[PDB]
Amino acid sequence: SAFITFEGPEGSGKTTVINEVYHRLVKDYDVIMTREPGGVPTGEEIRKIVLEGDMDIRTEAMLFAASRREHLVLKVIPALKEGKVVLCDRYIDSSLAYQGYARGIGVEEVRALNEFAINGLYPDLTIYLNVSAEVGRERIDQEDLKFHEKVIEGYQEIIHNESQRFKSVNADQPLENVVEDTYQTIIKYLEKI
Amino acid sequence: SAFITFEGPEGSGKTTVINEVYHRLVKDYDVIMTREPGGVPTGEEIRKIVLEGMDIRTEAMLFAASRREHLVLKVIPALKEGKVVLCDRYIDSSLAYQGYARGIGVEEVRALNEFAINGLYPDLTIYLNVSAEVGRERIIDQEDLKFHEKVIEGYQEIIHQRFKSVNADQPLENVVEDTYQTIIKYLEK
Ligand SMILES: Cc1cn([C@H]2CCCN([C@H](CC(C)(C)C)c3ccc(C(=O)O)c(Oc4cccc(Br)c4)c3)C2)c(=O)[nH]c1=O
Ligand SMILES: Cc1cn([C@H]2CCCN([C@H](CC(C)(C)C)c3ccc(C(=O)O)c(Oc4cccc(Br)c4)c3)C2)c(=O)[nH]c1=O
């Protein structure tokens, strides 16, 4: 079993990449792909509160962490117990970069919150779709651009402090190459375990 | 302004105490009575999830999220107006109930709630210290009795500066008087 998360800003091609990589991995592994809330009823009700939110950033961060726990308990943990490879589109690192860094709560504060939610369940491997701010901008106002750059800056601060868990993939390449590198990184990891 | 929370297990006379203290303090102060979620839309929606539908950590994070919304949208605006806010249950209830009695761990729940309150600790906290036996009589099953006892043990650990322990085994008239005198001494100094 392996718990692999996918991370990146908007414009990294993350969702297109995970979809392709998953389609290729299904041919050789017992794998599922999910994201939060991912159909878990409580997480879906929490999602509705977030979308209906000038919500206080700490309340928003707690709602993401509550959804994360419900999705972890109902979907992720049972699949890992059945020996599956679990691919998850966004996890703890999205809260660290968005709520912690870009919104300014602080990465360390948001990490403490998320550690309460995940109760030790860190990913075995996190693929970071490393898109430059400029390529990201072109794939997508001043406020939206400032936020996008701050999300990228946050991910770089997180990856600098936890190098071993992450595998950075060049997301500035054509999408076919991003898919290939991510798939190869994953199979290299899965064949070692 | 003053932020005063009230804590205690069921059967501590907490409802009677807050209402009677409110009625006496309104003569001299701009006072409000509140409890979470306290009518804050988001908090009320979180409460519906809790009541109409759970993993204990998800539950703890929902109480904390409702706590933050009630603090930001109701408590802080009242404190800014110069109000005395009488709040029925706060951080200490999550520590005693989720942390201790439900078994998540007091330290884990404390960290969660410090994220939620971001330094906004009560100015004063009245703990209505009732014995399990007097509390049980005021309430009126084995699992419920043991849970009530665990809640009390949870509060004992928390209490072990803002805390003012009032002897809630006394008749309620005396519990009210002691609580009111404790609050006046705080407000007037
Ligand atoms: C997992 C995670 C993600 N993200 C970002 C990633 C980029 C998109 N954004 C938006 C947020 C916005 C406030 C509605 C604008 C956004 C966009 C679409 C949706 C949807 O599912 O339709 C959405 O809802 C969700 C998603 C996941 C959990 C819950 Br609960 C609610 C939020 C959320 C964080 O910031 N932190 C995190 O931990
Ligand atoms: C502030 C706080 C309280 N409590 C306890 C105190 C004793 C009562 N219990 C129950 C819980 C139960 C699971 C439904 C049995 C209970 C009973 C009635 C209600 C209702 O308001 O109708 C209720 O809903 C709420 C209350 C507050 C916030 C949100 Br959100 C939902 C929960 C909650 C904790 O445990 N931690 C805390 O931080």
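Just so we're on the same page: letters track the sequence lines, and every chain starts at 1.
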Cluster check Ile57(A), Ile158(A): I/L/V/M/F/W/Y, side chain < 4.5 angstrom: yes
Are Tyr121(B) and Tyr90(B) in one and the same hydrophobic cluster, where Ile, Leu, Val, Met, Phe, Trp and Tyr link if side-chain heavy atoms are under 4.5 Å apart? yes
Comparing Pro41(B), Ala64(B), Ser66(B), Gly53(B) against chain A, the one with the most heavy-atom pairs below 4.5 Å turns out to be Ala64(B)
Answer with side chain, backbone, both or neither: which region of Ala65(B) has an atom nearer than 4.5 Å to a non-hydrogen atom of chain A? both
Checking heavy-atom separations under 4.5 Å from chain A, one finds in residues 81-88 of chain B none
Per-residue contacts, residues 186-193 of chain A versus chain B, heavy atoms under 4.5 Å: none
Transitive ILVMFWY side-chain link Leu95(B) to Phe147(B), under 4.5 Å: yes
Spell out, yes or no, whether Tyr128(A) and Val107(A) are grouped together once hydrophobic residues are joined by side-chain heavy atoms under 4.5 Å, including indirect joins. yes
Pairs under 3.5 angstrom only: tabulate donor-acceptor contacts from the side chains of residues 68-79 of chain B to other protein residues two or more places apart or in another chain.
from	atom 1	to	atom 2	distance (Å)
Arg68(B)	NE	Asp56(A)	OD1	2.8
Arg68(B)	NE	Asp56(A)	OD2	3.4
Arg68(B)	NH1	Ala116(B)	O	3.1
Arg68(B)	NH2	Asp56(A)	OD2	3.0
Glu69(B)	OE1	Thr42(B)	OG1	2.4
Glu69(B)	OE2	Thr59(A)	OG1	2.6
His70(B)	NE2	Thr34(B)	OG1	2.6
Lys74(B)	NZ	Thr34(B)	OG1	3.0
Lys74(B)	NZ	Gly38(B)	O	2.9

Give the intermediate values and the outcome of side chain to side chain contact (heavy atoms under 4.5 Å, CB included) for residues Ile46(B) and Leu63(A). CA-CA 9 Å; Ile46(B) 292 159; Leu63(A) 296 179; 4.3 Å; yes
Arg111(A) atom CZ: more than 12 heavy-atom contacts under 6.0 Å: yes
Could you tell me which non-hydrogen atom of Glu109(A) sits nearest to which non-hydrogen atom of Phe115(B), and how far apart they are? O-CD1, 3.5 Å
Near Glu137(B) CD, under 6.0 Å, is it more than 12 heavy atoms from other residues, nucleotides or ligands? yes
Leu187(B)-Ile18(B) co-clustered via ILVMFWY side chain contacts under 4.5 Å: yes
Side chain to side chain contact (heavy atoms under 4.5 Å, CB included) with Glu45(B): which residues, sequence neighbours excluded? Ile49(A), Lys48(B)
How far does CE of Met61(B) sit from CZ of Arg68(A), to the nearest 0.5 angstrom? 9.5 Å
